[PDB]
Amino acid sequence: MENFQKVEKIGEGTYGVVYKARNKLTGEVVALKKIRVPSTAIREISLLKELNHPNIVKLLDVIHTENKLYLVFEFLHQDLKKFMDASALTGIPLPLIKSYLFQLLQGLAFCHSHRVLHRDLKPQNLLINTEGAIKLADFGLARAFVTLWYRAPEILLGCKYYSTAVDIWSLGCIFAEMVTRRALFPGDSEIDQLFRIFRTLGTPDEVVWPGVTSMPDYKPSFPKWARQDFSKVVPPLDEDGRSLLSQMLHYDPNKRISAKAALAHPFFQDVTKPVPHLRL
Ligand SMILES: CNS(=O)(=O)Cc1ccc(N/N=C2\C(=O)Nc3ccc4ncsc4c32)cc1
């Protein structure tokens, strides 16, 4: 805490405040996260600094002093949310959307292989740089240690042991948002969130989701809505994209496409790595 010079507040998070800081020694610019200390957390966090991948924000150091916990991460200048706002008028070029989705899936496939979930993906957690790369931030902090727009159905229905599938659902929601320039399910409460999903994808039943009527928060009194055509939901997206999106938004967590299989989807046959025009 004394070895860093806080430059600016980057924003309050779920587990703490994040600051852009300069290492008073090395002189390097980093992202300092003050966690708002259980031994289990220390161990779980420790395993994360060994998780290195080009599409994951690197956890540089863990400072545990005076019974306080600070996480030092690599620093990137902008998040996807800010980039989307800046591109609201023209929208993000399809090639860039494809590139970003492709890299995010590589990052998830890597984390999922090590059995590490995110559980709380959102545009604010996706960081981009001038090189055309995009990285996932906050990976694993949920295990070691409010927007509901990207929350998977199983979580909303009370399933306690969710899987890697919840991250695929969130990514599918972000995918749709980049394409249409509007959040797909902008709920303002848990029941509103659930109902917005049902009104679009249809109220789930035992046919599409075996075991759904046995979920802890499922109510037989839920209204029964019909499923809408994806052509209406994400209009400009081509057939390959709609096909991939539909598999990312399958109700049944077991039928939902995995990150690895998504990487082989036809939608990515012509993927490239364009460079975005960022205004820092
Ligand atoms: C509000 N968007 S903006 O682009 O205008 C300002 C801005 C500038 C940089 C960043 N980067 N933030 C982060 C960064 O560089 N590394 C991180 C590691 C963990 C984490 N947990 C939550 S954020 C966050 C970051 C995020 C916001």
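Chain A residue numbers are taken from Swiss-Prot; in order, the displayed residues are 1-36, 44-152, 164-298.
The way this entry was determined, per its header, is X-ray crystallography, 2.0 Å.
Here the Cβ of each residue, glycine as well, is placed from N, Cα and C on the backbone.
From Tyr15, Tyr77, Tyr236, the position flagged in Swiss-Prot as phosphotyrosine is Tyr15.
In Swiss-Prot, the annotation phosphotyrosine falls on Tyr19, out of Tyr19, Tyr269. Swiss-Prot gives the label phosphothreonine to one of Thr14, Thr26, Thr47, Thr97, namely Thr14. Considering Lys6, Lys24, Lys250, the record held by Swiss-Prot lists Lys6, annotated as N6-acetyllysine. When the binding-site residues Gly13, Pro130, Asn132, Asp145 are compared by Cα distance to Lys88 (site 'CDK7 binding'), the shortest distance belongs to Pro130. Taking a C-beta cut-off of under 8 angstroms and a sequence separation of 6 or more, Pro130 (ATP binding site) has the following same-chain neighbours: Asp86, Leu87, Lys88, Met91, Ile192, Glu195.
Closest in space to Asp145 (ATP binding site), of the recorded positions given as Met1, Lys89, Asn132, is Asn132, taking the CA atom of each residue.
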